[PDB]
Amino acid sequence: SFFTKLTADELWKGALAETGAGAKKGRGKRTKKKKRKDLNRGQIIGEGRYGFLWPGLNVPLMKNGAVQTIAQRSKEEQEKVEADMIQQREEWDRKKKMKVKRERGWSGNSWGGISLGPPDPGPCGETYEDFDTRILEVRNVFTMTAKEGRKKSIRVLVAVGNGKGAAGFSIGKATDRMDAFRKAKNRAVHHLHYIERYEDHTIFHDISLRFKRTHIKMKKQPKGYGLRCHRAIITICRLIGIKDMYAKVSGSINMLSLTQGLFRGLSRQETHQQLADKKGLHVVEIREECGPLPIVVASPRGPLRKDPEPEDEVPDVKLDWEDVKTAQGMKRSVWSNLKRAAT
Amino acid sequence: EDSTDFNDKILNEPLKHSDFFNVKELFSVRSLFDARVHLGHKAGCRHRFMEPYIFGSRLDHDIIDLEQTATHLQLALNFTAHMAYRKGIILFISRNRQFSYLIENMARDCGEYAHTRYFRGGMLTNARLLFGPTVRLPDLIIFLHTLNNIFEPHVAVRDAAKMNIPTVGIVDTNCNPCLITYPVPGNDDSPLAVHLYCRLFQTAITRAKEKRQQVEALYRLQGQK
Amino acid sequence: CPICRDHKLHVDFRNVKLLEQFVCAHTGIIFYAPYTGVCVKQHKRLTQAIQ
Amino acid sequence: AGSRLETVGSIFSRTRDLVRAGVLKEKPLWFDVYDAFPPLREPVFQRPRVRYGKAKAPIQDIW
Amino acid sequence: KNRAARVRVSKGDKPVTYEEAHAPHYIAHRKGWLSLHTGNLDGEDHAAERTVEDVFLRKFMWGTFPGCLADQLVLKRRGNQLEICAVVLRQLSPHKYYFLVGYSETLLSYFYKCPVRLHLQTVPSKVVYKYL
RNA sequence: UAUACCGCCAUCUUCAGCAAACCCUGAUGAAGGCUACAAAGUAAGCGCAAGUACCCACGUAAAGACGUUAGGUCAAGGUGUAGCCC
RNA sequence: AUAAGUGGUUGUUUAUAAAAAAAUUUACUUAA
Ligand SMILES: C[NH+](C)c1cc(NC(=O)CNC(C)(C)C)c(O)c2c1C[C@H]1C[C@H]3[C@H]([NH+](C)C)C(O)=C(C(N)=O)C(=O)[C@@]3(O)C(O)=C1C2=O
Ligand SMILES: [K+]
Ligand SMILES: [Mg+2]
Ligand SMILES: [Mg+2]
Ligand SMILES: [Mg+2]
Ligand SMILES: [Mg+2]
Ligand SMILES: [Mg+2]
Ligand SMILES: [Mg+2]
Ligand SMILES: [Mg+2]
Ligand SMILES: [Mg+2]
Ligand SMILES: [Mg+2]
Ligand SMILES: [Mg+2]
């Protein structure tokens with residue numbers, strides 16, 4: 001019957017079954033998902049199966065300054081038109097079966113390390129194209145509600161940084177991943193630290209910090225050493241601009257305590273000039289590659305002092321057993337100093 | 001080249017003098033003392049961050065050191081005048097309901113702004129949504145009382161710091177001055193003290209706003225010749 | 001590997017620029033093969049070239 | 001942009017550092033006035049602690 | 001919960017027209033009838049034949065002006081006449097619109113044995129009443 | 001095959017809540033955001049409400065979100081998947 | 001201040017994409 005035929009909108013809504021009890025509470029567990037096809041896509045008004053040519057609709061109205069009459073394509077000619085239509089559809093479908101190469105982060109199926117591009121441009125023309133954004137952690141967190149039940153939210157941790165000392169991080173909570181990436185990405189640029197770097201490649205001193213239950217032991221290294229540190233630290237270091245450093249994470253390795261502790265330790269990094277000013281004495285660098293050449297890296301801009309700081313023969317510093325363990329060739333881990341790709 | 005002349009004659013010139021607006025003449029230790037600015041709260045109310053500024057306890061009543069109040073008060077007035085001269089938006093924030101009328105009047109008289117009312121959440125950290133995307137936020141905030149009506153720091157003190165807005169603040173012995181850019185230790189309860197601060201910040205602002213006019217008239221004379 | 005995906009990259013002792021890329025600019029050391037990813041074959045040829 | 005980390009450094013240090021980095025393109029209106037006439041104590045956030053044990057307040061009684 | 005001819009709320013991003021935005025309990029209150037004839041008046045005949053004609057024409061027009069209609073047809077009848085008032089879009093060639101007006105009018109007049117007219121009203125975009 | 005669905009409904013509902021977008025709090029955890037002599041929330045939309053129908057400002061209708069019960073209905077019609085085609 | 005026992009089994013989060021169709025002759029009748 002002609003009168004039982006419905007519209008494409010009504011037909012796809014039923015066929016796709018996007019709504020229903022299956023969607024809710026993950027009751028339906030059929031990963032295979034059909035997609036709506038617009039079947040009007042390649043359709044031309046006036047073009048039909050019989051191949052008639054209607055002047056003013058399917059073909060041009062006037063030919064050689066004269067009004068065309070009703071004409072019908074030849075059988076052999078109509079075959080080509082129908083055959084060509086099949087080809088375009090196939091090639092149109094071909095485009096949508098091509099798999100796009102998603103550049104992978106820490107792992108193939110991991111969101112950590114993946115880049116979210118620059119933060120969205122601000123309201124009043126504020127622009128953030130200098131900054132990069134890498135994901136640090138995606139987690140489906142749940143709460144219970146009286147009506148629905150298990151309600152999923154996405155907690156996302158991102159870090160932003162221009163690679164010139166300015167960097168931050170923020171958490172984003174939303175029901176949709178893409179809405180949490182936005183919130184986390186855009187909120188981070190309003191919470192930027194400035195991380196002082198020694199020679200714009202490493203840190204000034206070595207940092208030993210404990211944030212809650214996470215321990216981070218960071219070591220200043222020379223050039224070429226590279227970033228030999230936890231995969232989340234290398235990411236954040238690339239966003240800060242540190243290029244050569246070592247860090248070992250002990251205790252708990254919660255991504256969020258590791259981040260909040262990494263940025264805290266780096267924020268308390270005392271500079272060489274800040275030191276010279278605090279002690280009021282020259283800070284002299286001794287490099288083994290330069291013999292006893294006394295390289296003065298920072299001097300007190302204010303008044304210089306005259307009393308040699310008392311040199312305590314025995315330093316009352318609390319050493320770390322692992323440091324001394326390795327120093328004395330007692331640590332024999334079959335995992336330390338392994339050949340790894342350049343970071 | 002107009003940038004060099006405009007910047008030097010207007011913005012850079014006043015910043016080269018120790019007291020470009022002569023605000024030190026506006027107050028004296030005798031004037032502060034006569035306004036009871038040295039009277040603090042009792043010793044059981046004291047904040048430990050306000051100790052550097054307390055001269056002592058006179059029968060368990062903290063006496064604020066007016067010698068440091070004067071040095072701090074000058075620094076706070078100097079900043080205010082330089083900001084008023086630079087066409088900065090100055091907001092006066094208080095919640096002491098006894099002086100809300102006084103502080104609102106004073107703000108209108110010097111052509112500036114006052115928020116003496118319940119501070120709604122996000123006025124500063126969420127202003128482009130509460131006002132409009134092109135709203136201009138204050139460049140300076142003057143707290144005449146830094147505690148809200150439950151004896152805790154006004155939320156704006158923290159929100160000003162989050163928005164990178166310098167603040168001037170009268171900090172009594174029970175107040176928290178860690179985040180205030182220019183704390184001025186002094187009594188914030190006595191009407192004499194509150195009248196004095198309003199008189200001083202009004203003058204400093206007024207005087208600074210005239211001088212900004214009385215140094216662009218010289219620009220006009222210099223422009224002709 | 002980097003070398004074996006571009007035929008126009010000839011690891012010769014004459015191609016000094018290419019050789020420089022595979023040596024530290026700070027310590028003067030030839031990277032290990034896992035560092036850059038060049039197969040065992042090419043890394044040895046490279047090593048000879050460097051020397 | 002700006003940094004709303006009111007607990008890390010001060011408005012000066014944060015601003016100063018963001019200008020150096022290139023985030024803040026324009027020095028805020030108050031920056032030059034602060035730089036010329038800085039306050040006696042830099043406004044850095046500190047958490048008030050309790051005095052345990054023998055720690056007492058250095059405030060003396062005026063006699 | 002009632003469902004008939006309600007567009008559900010969604011997420012504040014769904015463009016809906018004044019017609020679509022109103023539920024059946026608003027049909028004589030905030031909106032009118034998409035057809036007007038005398039069949040459904042007390043004492044009148046042929047409500048059925050009018051109704052079959054109106055279901056066909058809406059279908060006829062939807063497939064005859066594919067992708068052009070920007071709202072629902074307004075069907076009118078005065079004596080022997082039939083008026084089809086479409087709101088269409090402005091993407092098709094006016095040559096094609098004139099072809100289709102002349103075509104539809106002619107074909108429908110021979111099908112329903114009456115004078116049939118077709119009044120187009122073009123709009124740039126579909127008029128949005130509300131973002132549900 | 002209603003446990004793939006549209007369509008049209010039951011049910012709480014003789015409900016008042018669902019909320020995008022922000023901001024803040026929790027050491028940047030799941031989460032949380034209340035005081036009017038106010039102490040961090042602003043919220044567009046959708047319900048409720050208002051309006052309209054019936055003989056009124058009353059009453060009765062109607063309305064009544066988001067969700068809950070894989071609740072009902074492939075036998076209203078249409079339809080994804082699977083099957084039948086002497 | 002009475003007494004109110006029980007309920008086979010089972011169950012959830014693997015990742016983005018887009019079209020257009022269209023425009024040469026802007027006014028006669030006429031004749032060889
Ligand atoms: C075997 N049980 C788990 C079951 C299975 C199906 N269907 C299938 O698994 C079908 N599987 C195929 C697709 C054929 C491979 C089912 O479809 C159902 C149910 C449960 C029933 C229970 C029904 C019950 N009464 C009417 C017998 C009832 O009162 C309730 C209730 N909530 O109170 C129901 O949920 C019930 O009506 C219902 O809907 C069932 C199913 O839907
Ligand atoms: K079926
Ligand atoms: Mg009902
Ligand atoms: Mg069902
Ligand atoms: Mg159903
Ligand atoms: Mg089952
Ligand atoms: Mg009523
Ligand atoms: Mg009812
Ligand atoms: Mg109502
Ligand atoms: Mg069922
Ligand atoms: Mg039993
Ligand atoms: Mg049980």
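The sequence lines fix the lettering, A, B, ..., with proteins before strands; numbering per chain opens at 1. Note that these values count all heavy atoms, side chains included, but never hydrogens, waters or copies made by symmetry.
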Student: Before you tell me yes or no, could you show the steps for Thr175(A) and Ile154(A) under side-chain contact (heavy atoms from CB on, under 4.5 Å), namely the whole-Å CA-CA distance, both residues' side-chain angles and the distance that decides it to 0.1 Å?
Tutor: CA-CA 6 Å; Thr175(A) 313; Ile154(A) 313 286; over 6 Å; no
Student: For the residue pair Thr214(A) and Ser252(A), confirm or rule out a side-chain donor-acceptor distance under 3.5 Å.
Tutor: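 There is such a pair between these side chains.
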Student: Measure CG/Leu61(A) against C1'/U24(G) and give the value in whole Å, please.
Tutor: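 Value for this atom pair: 15 Å.
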Student: Just to verify, what does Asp159(B) make a side chain to side chain donor-acceptor pair (under 3.5 Å) with, not counting sequence neighbours?
Tutor: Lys162(B)
Student: Once you round to the nearest 0.5 Å, how far does CD of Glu6(D) lie from CG of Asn164(B)?
Tutor: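 Taking CD in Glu6(D) and CG in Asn164(B), the distance rounds to 10.0 Å.
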Student: Looking at every strand, decide which applies to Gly22(A) at a 4.0 Å heavy-atom threshold: base, sugar-phosphate, or nothing.
Tutor: base
Student: With both atom distances required to be under 3.5 Å, do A31(F) and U25(F) make a Watson-Crick or G-U wobble pair?
Tutor: yes
Student: Of all of residues 174-185 of chain A, which get a heavy atom below 4.0 angstrom from RNA chain G, listed by number?
Tutor: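 By residue number: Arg177(A).
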Student: Base, sugar-phosphate, or nothing: which does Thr145(A) touch, judged by heavy atoms less than 4.0 Å apart?
Tutor: nothing
Student: With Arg90(E), which residues qualify under side chain to side chain donor-acceptor pair (under 3.5 Å), at least two apart?
Tutor: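 Result, side chain to side chain donor-acceptor pair (under 3.5 Å) vs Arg90(E): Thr122(E).
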Student: Determine the contact category for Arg117(B): base if any of its heavy atoms lies under 4.0 Å from a base atom, sugar-phosphate if only primed atoms, P, OP1 or OP2 are that close, otherwise nothing.
Tutor: nothing
Student: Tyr18(E) vs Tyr129(E) aromatic rings, parallel, tilted or perpendicular, using cut-offs 30° and 60°?
Tutor: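 It falls in the perpendicular class, over 60°.
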Student: Indicate yes or no: does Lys11(E) engage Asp179(A) in a salt bridge with an N to O separation below 4.0 Å.
Tutor: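 Result for this pair is yes, salt bridge flagged.
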Student: Using a strict heavy-atom distance below 4.0 Å, which residues from residues 108-120 of chain A are in contact with RNA chain F?
Tutor: none
Student: Should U35(F) be tagged north or south? The rule is the sign of the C1'-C2'-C3'-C4' torsion.
Tutor: south
Student: What pucker does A17(G) have, north or south, from the sign of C1'-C2'-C3'-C4'?
Tutor: south
Student: Heavy atoms under 4.0 Å, any strand shown: does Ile171(A) hit a base, just sugar-phosphate, or nothing?
Tutor: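 Base contact - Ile171(A) has a heavy atom under 4.0 Å of at least one base atom.
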Student: Could you work out, with ring pair (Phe, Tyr, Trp, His ring centres under 6.0 Å) as the rule, every residue matching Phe143(B), not counting sequence neighbours?
Tutor: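 Partners of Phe143(B) by the ring pair (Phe, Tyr, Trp, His ring centres under 6.0 Å) criterion, ordered by chain and then number, come out as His154(B).
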Student: Could you state the OH-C1' distance from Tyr97(E) to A21(G), rounded to the nearest angstrom?
Tutor: 12 Å
Student: Assign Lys96(A) to base, sugar-phosphate, or nothing according to its heavy-atom contacts below 4.0 angstrom with the strands shown.
Tutor: sugar-phosphate
Student: Mind checking the P distance from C8(F) to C34(F)? Whole angstroms is fine.
Tutor: 39 Å
Student: What does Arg30(E) touch in the nucleic acid at a heavy-atom separation under 4.0 angstrom: a base, only the sugar-phosphate, or nothing?
Tutor: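 Result for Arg30(E) = base.
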Student: Please classify the nucleic acid contact of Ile150(B) as base, sugar-phosphate, or nothing, using heavy-atom distances under 4.0 Å.
Tutor: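 Base, at least one base heavy atom under 4.0 Å.
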Student: For a salt bridge (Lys or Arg N to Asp or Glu O under 4.0 Å) check, start with the C-alpha distance between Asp120(A) and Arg182(A), then their side-chain angles and the critical distance, and finish with the verdict.
Tutor: CA-CA 8 Å; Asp120(A) 292 349; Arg182(A) 181 202 329 116; 5.3 Å; no
Student: Checking all strands, does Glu148(A) fall into the base, sugar-phosphate, or nothing category for heavy-atom contacts under 4.0 angstrom?
Tutor: sugar-phosphate
Student: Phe2(A): what forms a ring pair (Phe, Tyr, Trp, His ring centres under 6.0 Å) with it, not counting sequence neighbours?
Tutor: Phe56(E)
Student: Taking only residues two or more places apart in sequence, or in another chain, which ones meet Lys24(A) in a salt bridge (charged side-chain N to carboxylate O under 4.0 Å, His left out)?
Tutor: none
Student: Regarding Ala5(E), tell me which of base, sugar-phosphate or nothing describes its non-hydrogen contacts under 4.0 Å with the strands shown.
Tutor: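 If one applies the 4.0 Å heavy-atom cut-off, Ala5(E) turns out to touch the sugar-phosphate alone, with no base involved.
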Student: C1'-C2'-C3'-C4' for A16(F): north (positive) or south (negative)?
Tutor: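 Since its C1'-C2'-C3'-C4' torsion is negative, the sugar of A16(F) is on the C2'-endo, or south, side.
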Student: For RNA chain F, what residues of residues 11-18 of chain A have any heavy atom nearer than 4.0 Å?
Tutor: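 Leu11(A), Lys13(A), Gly14(A), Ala15(A), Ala17(A), in order of number.
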Student: Please write out each protein N/O paired with an N/O of nucleotides 27-30 of chain G under 3.5 Å, distance rounded to 0.1 Å.
Tutor:
none

Student: Is a side-chain donor-acceptor pair under 3.5 Å present for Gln87(A) with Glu91(A)?
Tutor: yes
Student: Are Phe52(A) and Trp54(A) an aromatic pair by the rule of ring centers under 6.0 Å?
Tutor: yes
Student: For RNA chain F, note the earliest and the latest nucleotide, 5' to 3', having some atom under 4.0 Å of a heavy atom belonging to chain E.
Tutor: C8(F) to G67(F)
Student: Do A43(F) and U1(F) make a Watson-Crick or G-U wobble pair, both distances under 3.5 Å?
Tutor: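 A43(F)/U1(F): base pair absent.
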Student: May I ask you to say what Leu57(A) touches in the nucleic acid, namely base, sugar-phosphate or nothing, with a heavy-atom cut-off under 4.0 Å?
Tutor: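 The answer is nothing, as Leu57(A) stays clear of every strand by at least 4.0 Å.
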Student: With heavy atoms under 4.0 Å as the rule, sort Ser170(A) into base, sugar-phosphate or nothing.
Tutor: base
Student: Students often get this wrong, so: under 4.0 angstrom with heavy atoms, is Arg150(A) touching a base, only sugar-phosphate, or nothing?
Tutor: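 Since a base atom lies under 4.0 Å of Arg150(A), the category is base.
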Student: If we only count Watson-Crick and G-U wobble pairs whose two distances fall under 3.5 Å, is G33(F) paired to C23(F)?
Tutor: yes
Student: Judged by each residue's nearest nucleotide on RNA chain G, which is more toward the 5′ side, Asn140(A) or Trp92(A)?
Tutor: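 It is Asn140(A), whose closest nucleotide lies nearer the 5' terminus.
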Student: Taking only the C1' atom of each, what is the distance from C12(F) to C18(F) in whole angstrom?
Tutor: 16 Å
Student: Want to settle it: does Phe169(A) or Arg97(B) sit nearer the 5' end of RNA chain F, counting the closest nucleotide to each?
Tutor: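 Its nearest nucleotide being more 5', the pick is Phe169(A).
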Student: Contact class for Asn149(B) (heavy atom, under 4.0 Å): base, sugar-phosphate, or nothing?
Tutor: sugar-phosphate
Student: Do the side chains of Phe181(A) and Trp111(A) get nearer than 4.5 Å, heavy atoms only?
Tutor: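 Yes, side chains in contact.
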Student: For RNA chain G, find the residues of residues 24-42 of chain A with a heavy-atom distance under 4.0 Å and give them by number; none if there aren't any.
Tutor: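 RNA chain G contact set from residues 24-42 of chain A: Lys25(A), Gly26(A), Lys35(A), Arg41(A).
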Student: If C5(F) has a Watson-Crick or G-U wobble mate with both distances under 3.5 Å, name it; if not, just say none.
Tutor: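 Result: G78(F).
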Student: Look at all strands and tell whether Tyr26(E) reaches a base, only sugar-phosphate, or nothing, counting heavy atoms closer than 4.0 Å.
Tutor: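 Base contact.
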Student: If you round to the nearest 0.5 Å, how far is CZ of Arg134(A) from CG of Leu157(A)?
Tutor: 14.5 Å
Student: Could you check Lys97(A) against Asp93(A) for salt bridge (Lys or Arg N to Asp or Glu O under 4.0 Å), going step by step and ending with a plain yes or no?
Tutor: CA-CA 7 Å; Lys97(A) 290 186 169 178; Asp93(A) 169 51; 3.8 Å; yes
Student: Passes side chain to side chain donor-acceptor pair (under 3.5 Å), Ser115(A) versus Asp132(A)? Steps please.
Tutor: CA-CA 7 Å; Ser115(A) 176; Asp132(A) 185 16; 2.9 Å; yes
Student: Does the pairing criterion hold for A21(F) and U13(F)? That is, Watson-Crick or G-U wobble with both distances under 3.5 Å.
Tutor: no
Student: Using the closest heavy atom to pick a nucleotide of RNA chain F for each, name whichever of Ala23(A) or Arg4(D) lands nearer the 5' end.
Tutor: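 Result of the comparison: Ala23(A).
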Student: Are a donor atom and an acceptor atom from the side chains of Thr7(A) and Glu10(A) found within less than 3.5 Å of each other?
Tutor: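 Their side chains do contain a donor-acceptor pair, which is all the 3.5 Å distance test asks for.
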Student: So for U60(F), where does the sugar sit by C1'-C2'-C3'-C4', north or south?
Tutor: north
Student: Side chains of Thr146(B) and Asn176(B): is there a donor and an acceptor less than 3.5 Å apart?
Tutor: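 The answer is no; no qualifying pair exists.
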Student: Pick north or south for the sugar of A27(G); the rule is positive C1'-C2'-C3'-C4' for north, negative for south.
Tutor: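 On the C3'-endo side: north.
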Student: In dot-bracket form, how is RNA chain G paired, counting a Watson-Crick or G-U wobble pair only if both its distances are under 3.5 Å and using | for bases paired to another strand?
Tutor: ................................
